[PDB]
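Worksheet: the structure to be examined is printed underneath.
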Amino acid sequence: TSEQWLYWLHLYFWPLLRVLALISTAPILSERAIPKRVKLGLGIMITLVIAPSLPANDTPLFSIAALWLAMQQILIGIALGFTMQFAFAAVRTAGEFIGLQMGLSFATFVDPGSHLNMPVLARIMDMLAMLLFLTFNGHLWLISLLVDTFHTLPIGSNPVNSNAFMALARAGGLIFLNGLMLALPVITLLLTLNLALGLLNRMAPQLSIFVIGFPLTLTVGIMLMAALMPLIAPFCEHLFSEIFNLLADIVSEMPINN
Amino acid sequence: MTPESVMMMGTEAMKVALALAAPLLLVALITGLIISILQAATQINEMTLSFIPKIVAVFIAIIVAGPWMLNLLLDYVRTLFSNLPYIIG
Amino acid sequence: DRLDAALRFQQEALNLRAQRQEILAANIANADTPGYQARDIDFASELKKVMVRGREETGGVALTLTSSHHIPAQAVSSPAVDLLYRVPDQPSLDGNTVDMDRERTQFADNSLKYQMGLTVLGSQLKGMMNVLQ
Amino acid sequence: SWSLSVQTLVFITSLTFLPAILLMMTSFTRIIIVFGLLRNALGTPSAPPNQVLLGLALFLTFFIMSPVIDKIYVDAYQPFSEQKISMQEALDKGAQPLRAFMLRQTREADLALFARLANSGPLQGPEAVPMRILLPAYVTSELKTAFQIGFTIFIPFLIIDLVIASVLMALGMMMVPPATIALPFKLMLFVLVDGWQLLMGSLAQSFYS
Amino acid sequence: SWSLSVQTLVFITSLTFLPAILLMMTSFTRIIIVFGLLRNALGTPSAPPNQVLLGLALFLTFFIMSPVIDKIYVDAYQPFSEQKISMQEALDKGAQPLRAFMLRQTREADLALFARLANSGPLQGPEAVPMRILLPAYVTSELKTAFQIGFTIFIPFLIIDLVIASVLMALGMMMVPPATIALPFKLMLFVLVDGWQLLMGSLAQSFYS
Amino acid sequence: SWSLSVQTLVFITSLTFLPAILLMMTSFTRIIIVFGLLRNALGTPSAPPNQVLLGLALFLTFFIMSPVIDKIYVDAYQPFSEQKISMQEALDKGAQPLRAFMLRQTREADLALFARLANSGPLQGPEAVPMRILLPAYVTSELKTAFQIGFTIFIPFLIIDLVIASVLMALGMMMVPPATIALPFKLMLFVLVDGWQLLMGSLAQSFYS
Amino acid sequence: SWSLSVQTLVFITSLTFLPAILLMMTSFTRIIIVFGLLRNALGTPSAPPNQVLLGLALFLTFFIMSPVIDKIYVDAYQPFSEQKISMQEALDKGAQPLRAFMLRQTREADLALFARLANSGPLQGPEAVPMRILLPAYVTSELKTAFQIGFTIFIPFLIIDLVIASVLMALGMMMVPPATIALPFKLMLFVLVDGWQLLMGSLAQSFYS
Amino acid sequence: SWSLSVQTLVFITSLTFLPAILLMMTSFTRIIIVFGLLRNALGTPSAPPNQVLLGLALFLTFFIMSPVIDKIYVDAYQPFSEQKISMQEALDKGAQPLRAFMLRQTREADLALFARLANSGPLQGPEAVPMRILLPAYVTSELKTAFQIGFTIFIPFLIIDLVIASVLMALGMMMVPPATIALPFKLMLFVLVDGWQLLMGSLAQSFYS
Amino acid sequence: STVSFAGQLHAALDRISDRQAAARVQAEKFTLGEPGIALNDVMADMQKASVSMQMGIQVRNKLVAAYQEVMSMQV
Amino acid sequence: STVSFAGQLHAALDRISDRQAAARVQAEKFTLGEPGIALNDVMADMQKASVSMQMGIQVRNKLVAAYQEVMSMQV
Amino acid sequence: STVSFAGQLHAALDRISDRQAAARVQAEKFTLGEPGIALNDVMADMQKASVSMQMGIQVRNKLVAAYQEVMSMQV
Amino acid sequence: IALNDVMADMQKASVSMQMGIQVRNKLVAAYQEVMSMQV
Amino acid sequence: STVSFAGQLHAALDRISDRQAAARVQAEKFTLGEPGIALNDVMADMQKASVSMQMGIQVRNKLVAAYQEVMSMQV
Amino acid sequence: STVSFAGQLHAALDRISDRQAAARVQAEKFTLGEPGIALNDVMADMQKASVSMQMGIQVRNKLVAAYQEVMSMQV
């Protein structure tokens, strides 16, 4: 219990720091609903299971010259959790743009301090994707990849290489790509509807989409997205797997590149 | 809870929304369409001539539909909260 | 580190005070044995030696650390400080050169300076904890 | 054994660990997370967290654990009091009920992850999982279950947002702020459906199935 | 009896449990929830929560509970001062008016739920309910009542919002923000009715019906 | 009298109760509510809340209270200098100017509400009202006064918004955000009128007439 | 003099009162309100409030205050360093230059209003106004000056909005949303004119003229 | 040097200044302004800034400052570790690469203004300018550059808006809302050309040049 | 009858004040040499006054904590 | 039936109170001069009562800290 | 006359400071070996100065708490 | 092991853990302050 | 194999308890009249046991402080 | 020149550091046994350095609070 331990209690601190970074940044782990004590205790109580079989020996220098080590762990956590947010942003884009088609957002068109559309359709699909994530192996693969980072990039004087934050920067990237690739059928069908009801204006310029168009397009959008709700379930697979691969890639890109 | 069940409940949400908002959107569309058909044939028009008809239409719609859409929504929400213990697994 | 490089001096000094303390209590305990030849150490020179060199305690070996149930035992260990003879006054026919008054005034002095070292470490550590809150 | 020696030092530190670990190891995370999410819906919080939701969650978790607490009491405190058990078999006698309760609640895949990362070997039965494995799996499973419940609770209130926004846009009410209109409708949605009783009852039922 | 041992040891802890449990046992749940919801209506906060609404609610709850406090005073304190009552008889003497007061406000179905999920055996009468059952049931009933009042308060300001929006975009003012036009009319409506008196009087008189 | 114990024990706790009760029993409620409502008009914050509006309000209410504080000084602090007065008659001696001020500001029927709901006996005169009934009465009447002032504040900027929108509509401007054009004209009307001086001064004048 | 008690007592309290009263007593009010209003134009916020405009405003006010703070330094910090001045004449020696600075910016009539609502007697010269009168007068004058600068800033972007709208209507753009069309043109206008340089320079040159 | 005192004051306080001062000292201002502006085009947010855009800017600025951080590491973290360089030459050696980085992006007349209003005398060379003058000048220059980049990004989406509106209105579509038609076209332009990689690469290249 | 918590607080503070006044006058009367009064009673009364004042202080602290915790929540 | 947290705390407080009351009765008897009771028993029992009350106070502090730790968090 | 809160605080701080200056002068003269001054006088005056300073500390702390509670109000 | 050695070790480790925790607190606060701005 | 520092704390507590129990049984045996055991040996062992117990108490205090501090980092 | 907030603050922190260093050197020489230095000198200067440290810490806390309050207002 002395420093014969209490500097071997320096075995817990760095892995705890990395696990805590991931928890504070991860998609499900870092939700404001969880009491802060639960997240902290989960970090401590994961590292206690992972800390043995982690041969770590460093020093919390006074006026830390090894804070650049602490940085390292924090950064790796930011790598793992935050990137997994891209998969949600995608749908939080897709569904949002779907509203931007029907009628829901003409307040956001010509000008304000109130957006009012984030509550409407983006939070439908984003929490639907929340559940799709969790239902696997959602909560867990992030933690397993964190342990894998412990084993591939444990603790070192060369923590992070350049040319490797572009990977995450131009990664999304696939935020726009996948948001589209999901919302494309709905957008295309409502484009057809909008152009058709516009062509009605050729027979009579009085038909006034404000009067005719919006009630039609709202029903079309609601019914159609009801019909194309299940299409998300396969897409989320993609939407997570590829991003995992990216993380996996960078996690396994870093050791052979160091 | 399997992805099949989460998609089922999501589509159930979309269809309860459709049932609850269908009469109102429907009556708005019918009223606007009638006023636009009559809009020509003495094509006189200023901008709308149609908003106030839509308000009276949705007023009648909320009254005549009224209880049944509220009951449909209540049935949906009570059934969801009652099956909450069982959707976990 | 740089936490145990600033507190190192008082830690070493206080440990050396404790070591001189049991040397002096060995003087006291052997007050009336014949031919004892009271011992003591030079604190300033030994403290400089400790800071420059380290601990390097001479003489001590424990058993090995195999599977449990192998009866740990240890050899007789002694700090590397070179014991110096205390120059005696008043020969006493039995070789015992332990003068109560000298040994006892040294005991009181060493006790007081050990307490001073404790106070200094306490002050430095309270200062560290006051920075960090 | 110990002789009013380290005892009453271990007891007082046990009391120290009471609030955090023993309320974050049994229940009261799932309930409190569900309440927090429910307050995320229904618009504004308007329920005094530090007092009412916390108190209701604490009472509800006490009512849930009355059987587990009773079994721990009967098999530890009555025997630990003065005869044949004292802080040596007291621990496992009091742990078996809590282990059974925690195992009955764990998602079956979290144990897999934490056994596969703790480098432990194959586990023959339900009992074979130890505390060092059981705790992180239980907290992960509790988080998963709490969020499944909480997002299923959101879905109807976002349905209300959808319908009200779409109706306002259909009438052409250009930029009337649909959240303000939705909030009272969310409130009657949550009171006509007999919301608080159904929610508390569903949580209590789900928490032993 | 207790002997200046546990006495004045239960007094100080009673005072530490005061701010949460006792203030959320009597009132000030309903009053605070209703004021918060009222403040969501009428536009922005526009009233210093931690300053005026909390203090007004404290005064209101003092006045509402005053008959209860007087009955507790007469039946417990003076008899507890020096003669024939010492902190066990005092407990039921001081609880009985409070238990009656909370019973009169509980939903007649919350007690059912909490008694059935606490394995409580059949209840002979209104007096057989234990405090353990009656606290959380009262809390849930109070939350329901507060939200009911909340919707009923939201209604007229919803009326103002919708009429202003309809008039504006019917007149052709297609996209002038109706909240900005409406806010002075919300304040006007709530001041011509003398809204604060009606609200606080109705809350007080509801709280004993 | 009291003996440098409970004296200097009532003092420190009085300073504890200062920030809420004393700043919300005198002024600074009407003034801060008017300032906040004014800030809702004219668009965005345009004045840092916690810093300039709050500080200016604190100065202003010190300036209104300076006569009442002068009388409280003359009737408490000077005699409380060792002689003939120590915190027993000093209490109501220092209350009386403040009670006179509050009565002179309260609604003549909010007193009725908070008296009748207190089961208080029939009152002979203004002096017979207690602080108990006086506080909530003053708070409610002051909220009414603040909302009346706020409505009058919202009048002219409502005028500017409507005239701007109507001009745009007549010119055929289907989809221009009239708020964007109207905001500089809101500030216009608020500076050529020299609005800050007028508003600060009119609050001060309204507060005693 | 003072004896290392109240010295290092009033020092720490002065530090606590620094961020609010001192900053809203010297400058950085005009600067920050003008930055906020410029942010209102040009479309969305599109510049982080909590970090960059605050930092730039702090730097501008430091640069503008450097002559004032240098006078305060030469008049206190050298002569307060151990000789003939110890935090009694330090206070007024330091206040005088700041007082002259604040007087140089106060509107001629705000002082009049606040003096007339203090019942202060006649004043002989600018040295006769006390800090009690001088704080709120300076604050109100600063708000007026900030709003005037706000007009001068909104003018050109209002021109761009209206000219884009007029071109779009004449061309026959039935209901194109001219705001999205005008935002990049607003940014273009503000970058070619070299607007950040010349804006901060204009504020600075205005602020002491 | 400093003595187990101030060291771990200046460090913890420097960590306190980190998020605002140090982040807006280097980058993440230009990137964040450009990202927000790009979000103004293409319609609504559709990118959760609290979740994604801020983190993307954070990663991008890490990449951007990899060279300056590498040079800082070489100049300080090798020598300053345990030998021959102690927090005085370390400070200037570690200031040199960041200061060159900022000076390389600052408009050559921002520094002019901020020297002419700090009353700084002659500045001998580019290295002679102090951080006092370098900070606000760098911030203003970076704001100019961010607005230029945002304007260039607005160009093509403005072109798409006007061409789509023109096609709709020429083909006879009298009064269709071209914005909802244009939004998917905006997406198509932005994804077919692989727009994100182009944007981040162009920013990265232009940031140091 | 009615409670008027201010009245109970005033009563408690008056009880503490009068107890301390009794102790102070008895110390006055002892050190001044008046017959009767004994040193044991003087010390016991002083200790009782100290205990009552400490009880007042602790009750104050709990009441102030309760008030500031009720006033720290959002309406 | 149950653990009955309220009942358990009541039983513990009763144990402490009856211990102190019995010690005070023993001191009562000794000072009143009853034979039987001995000085050494009086002091030993009064010290044991002090120990039991101190244990109660420590448990009170830990439980109050626990309760206030639970009630501070957000929901 | 008027109140002038600032003047009242100024006078209170002058009172505290010159009370401490008197105590310090008493200690000076006693340690310097002058007639008159007694050790009881020195100790009592130094304790009085400490009590007055502590009272000032408490009043300051409560004023600062009130200030930072008043100007954390959301307008 | 020497007793004074054990307590000096106690306190050194306690101070080191305190310093690490405070540094992490500052970094986490900076991260959240950066993530709570408007874009 | 493994250290499992909870096992190290258990070992420390067992050491402290065993040392106190040994001192207690030695006092037992000596006051019982058992020949052999000396008085100075009894007192010395009781002294050492007391020091070890205060060792345990200080370790307790600092571990509780450390845990109460690691539960304060925000996540 | 000018007030030079950076240079002034640097000089103040240097004054703190060198007072601590002087105290530490004096204590070093005292415990090494060097003649001259008295014990009261050591204790008094160590306490003076500690008070300087505390004053610096309090100034830092107040300035950090001020900065974080200013940099949080919405503009």
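Ordered as shown in the structure tokens, chains take letters A, B, and onward, while each chain numbers its residues from 1 and ligands are numbered from 1 in the order shown.
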Checklist entry - Contacts of residue K:68 at 10 Å or less, counting only C-alpha atoms, minus same-chain residues fewer than 4 places along, as a PyMOL selection string? => result (chain F and resi 19+50) or (chain G and resi 16-17+20) or (chain K and resi 62-64+72-73)
Using N, CA and C atoms, can you export the residues from the last selection as a CSV table (one decimal), in the first residue's frame?
chain,number,residue,atom,x,y,z
F,19,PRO,N,-29.5,38.4,-0.6
F,19,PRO,CA,-29.5,38.6,-2.1
F,19,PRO,C,-30.9,38.3,-2.7
F,50,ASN,N,-25.8,39.5,-17.3
F,50,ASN,CA,-25.3,39.4,-16.0
F,50,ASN,C,-24.5,40.6,-15.6
G,16,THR,N,-12.6,40.4,-7.1
G,16,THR,CA,-13.9,39.7,-7.4
G,16,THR,C,-14.8,40.7,-8.1
G,17,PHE,N,-14.8,42.0,-7.7
G,17,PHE,CA,-15.7,42.9,-8.4
G,17,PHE,C,-15.1,43.4,-9.8
G,20,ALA,N,-17.1,42.1,-13.6
G,20,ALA,CA,-18.4,42.7,-13.9
G,20,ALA,C,-18.3,44.2,-13.9
K,62,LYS,N,-20.0,36.9,2.9
K,62,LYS,CA,-21.5,37.0,2.7
K,62,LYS,C,-21.8,38.0,1.6
K,63,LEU,N,-21.2,39.2,1.6
K,63,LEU,CA,-21.4,40.2,0.6
K,63,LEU,C,-21.0,39.7,-0.8
K,64,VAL,N,-19.9,39.0,-0.9
K,64,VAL,CA,-19.4,38.5,-2.2
K,64,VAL,C,-20.3,37.4,-2.6
K,72,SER,N,-25.6,36.6,-11.1
K,72,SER,CA,-25.8,35.4,-11.9
K,72,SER,C,-27.3,35.2,-12.3
K,73,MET,N,-28.1,36.2,-12.0
K,73,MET,CA,-29.5,36.2,-12.4
K,73,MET,C,-29.6,36.3,-13.9
Checklist entry - Residues of stretch 25-129 of chain H in helix (DSSP H, G or I) according to DSSP, as JSON, numbers by chain? => result {"H": [25, 26, 30, 31, 32, 33, 34, 35, 36, 37, 38, 39, 40, 53, 54, 55, 56, 57, 58, 59, 60, 61, 62, 63, 64, 66, 67, 68, 69, 70, 71, 72, 73, 74, 75, 76, 77, 89, 90, 91, 92, 93, 94, 95, 96, 97, 98, 99, 100, 101, 102, 103, 110, 111, 112, 113, 114, 115, 116, 126, 127, 128]}
Next on the checklist: Near chain K, meaning an atom within 8 Å, which residues of chain F appear when counting only C-alpha atoms? Write them as a list in words.
Outcome noted: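 Result, ordered by chain then number: residues 12, 15, 16, 18, 19, 20, 32, 33, 35, 36, 49, 50, 51, 53, 54, 55, 66, 69, 70 and 73 of chain F.
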Please produce a file of the residues just selected, as a compact mmCIF listing (two decimals), in the first residue's frame, where the atoms kept are C-alpha atoms.
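Below is the file selection.txt, written as the result:
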# COMPACT_ATOMS: atom_id res chain seq x y z
CA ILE F 12 -24.63 37.01 9.38
CA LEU F 15 -26.67 38.91 5.12
CA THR F 16 -27.28 35.36 3.89
CA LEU F 18 -29.98 39.44 1.59
CA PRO F 19 -29.54 38.55 -2.09
CA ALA F 20 -32.99 37.08 -2.62
CA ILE F 32 -35.31 43.92 -14.05
CA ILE F 33 -38.50 42.53 -15.57
CA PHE F 35 -35.38 45.59 -18.73
CA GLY F 36 -35.69 41.96 -19.80
CA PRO F 49 -27.40 40.20 -19.02
CA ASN F 50 -25.30 39.36 -15.98
CA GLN F 51 -23.27 42.53 -16.28
CA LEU F 53 -28.55 45.37 -17.20
CA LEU F 54 -28.13 43.76 -13.78
CA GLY F 55 -25.59 46.31 -12.58
CA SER F 66 -32.10 55.91 -0.87
CA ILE F 69 -32.76 53.67 3.49
CA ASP F 70 -32.14 57.19 4.80
CA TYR F 73 -30.65 54.74 8.93
Hey, could you make a per-residue contact list for chain C against chain L with 7 Å as the cut-off, showing the nearest pair of atoms and its distance in Å to one decimal, counting only C-alpha atoms, sorted by chain and number, as CSV?
residue,atom,partner,partner_atom,distance
C:15,CA,L:4,CA,6.9
C:128,CA,L:15,CA,6.9
C:129,CA,L:15,CA,6.3
C:132,CA,L:19,CA,6.2
Item to check | Spatial neighbours of stretch 187-190 of chain D, 10 Å, only C-alpha atoms, chain gap at least 6 places, as a list in words | outcome: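 What passes the distance filter is residues 70, 73, 74, 77 and 78 of chain B; 41, 42, 43, 156, 157, 160, 196, 198 and 199 of chain D; 144, 147, 148, 150, 151 and 152 of chain E.
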